[PDB]
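Below, in structure tokens: the form deposited in one PDB entry, a single chain.
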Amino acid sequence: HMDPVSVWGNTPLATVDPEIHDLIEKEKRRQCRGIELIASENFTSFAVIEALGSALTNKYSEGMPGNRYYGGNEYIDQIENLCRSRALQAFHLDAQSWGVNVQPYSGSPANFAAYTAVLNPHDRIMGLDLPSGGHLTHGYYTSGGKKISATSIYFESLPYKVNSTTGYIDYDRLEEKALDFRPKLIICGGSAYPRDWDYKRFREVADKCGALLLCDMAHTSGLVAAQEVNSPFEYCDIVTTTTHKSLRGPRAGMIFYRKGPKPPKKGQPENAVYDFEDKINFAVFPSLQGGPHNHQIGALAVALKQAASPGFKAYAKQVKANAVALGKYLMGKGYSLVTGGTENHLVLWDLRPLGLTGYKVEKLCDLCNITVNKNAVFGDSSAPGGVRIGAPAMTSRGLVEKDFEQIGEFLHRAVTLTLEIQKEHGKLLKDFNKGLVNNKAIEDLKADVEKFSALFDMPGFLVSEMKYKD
């Protein structure tokens, strides 16, 4: 005999699986009791989460709205249509000039599908080098020649780099490389680049070598929606993005592409129109993905309505102001920030002038409930040299500039202690790690961090309902 539906199918998680419920409750407390500075993380809304955890997960809906491979999609089609239209609206796009596919499962799927749409295997791509700030999916192989990303396996990558003096993209070297290498696709946007992008100059380079131009705006998508950074749509053929970073939605991807008449170009016939739509859609399905995750699409529609609000514009302005304030505090203490500041949501902190690796600082911070990630900086070839710090998550908890200065001081205390441990125990990991055991100053820093963090509000769930309030 089967279990009655009510028993297996309607009983709450707390009863069906106390082990997982307890771990989720412990993770909720952790998210509350630390300083969360991973630049790619955010805290999304309870409304997004309610759509994410919904019966939308039950539906197979391969295809496009109105052109599906399964029956039963009368409401899933309306949700997807709404998501697509809100995506165009959130980025201020004319629907006769731009379309969007909202089915990519995440950012890496979105990029690989965009490449598959416009490239054959082994076609050439150029993206920002990972140590210069680019993403894995922009064609990462190592300076020792190890192919890491599938984008350097199925396609042929040659990365472009920042200038070693300024830390900004070296646009003349990009142009020289593109004219020599002749890529079919140039990628802009990145994961750890602290400045805005000259999309006009990227378009000039693309046109000079005949390449397509794609922007991957995953990290700054929220700032783009709020019109707080340069818009890639003015100059790029394709724009990809995640939805869970500064855009503050579920984990998903989107692919935007031009539609309609093309601008005048020499050699190009008159009245030509863009031809990306069908290729992009086909690449997502049936080429690469299967059934869309409709709970993600529904959650994304919610996030995109929230991103078009005046409150979200104020949030995006605050993210930038908090990152500047943090950078100014760290630079005042004498620390080295790549490019000497920031124009977006993150700072990239070079730790090599202190004699520290990113692993050591990240490891110590983690023990103090300060959540960062070690990060490559220019020169690194696979313990990198830097740490990356972002403002979106803690700005979502309501922190403003003075609070981000306190974050700077906690970061200052953490690095000061990492130096003292390394001076006392040594720079070799086996020695250093003996400094992280029964260290009263780590425990004191952890305690002060927890005190500071626990008091702020938290989106996504009710603190008053959580299992672990201590």
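Only the largest set of C-alpha atoms that superpose within 1.5 Å between the two forms is called the rigid core. Just count from 1 along the sequence shown to find any residue number.
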| item | value |
| --- | --- |
| Missing from the model but present in the deposited sequence, between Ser382 and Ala383 | 1 to 3 |
| 333-341 versus 188-196 - which carries the larger mean C-alpha B factor in the record | 333-341 |
| Given 143-151 and 118-126, the range whose Cα B-factors average higher in the PDB entry | 143-151 |
| Identity of residue with top Cα B-factor, from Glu277, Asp366, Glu156, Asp207 | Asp366 |
| Residue selected from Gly355, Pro183, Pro131, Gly222 by maximal Cα B factor | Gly355 |
| Third of the chain's Cα B-factor distribution that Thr57 belongs to, per the entry | lowest |
| Third of the chain, ranked by Cα B-factor, where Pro263 sits | highest |
| Position of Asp216 among the chain's modelled residues by C-alpha B-factor, lowest, middle or highest third | lowest |
| CA B-factor ranking of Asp94, expressed as a third of its chain | middle |
| Assigned third (lowest, middle, highest) for the C-alpha B factor of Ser85 | middle |
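From this point on, the text means the form deposited in another entry, which you will not see here.
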query	finding
Rigid-core fit between this form and the one not shown, the member of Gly144, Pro286, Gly311, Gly210 whose C-alpha shifts 2 angstroms or more	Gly144
Cα displacement of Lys430 between this form and the one not shown reaching 2 Å, rigid core superposed	yes
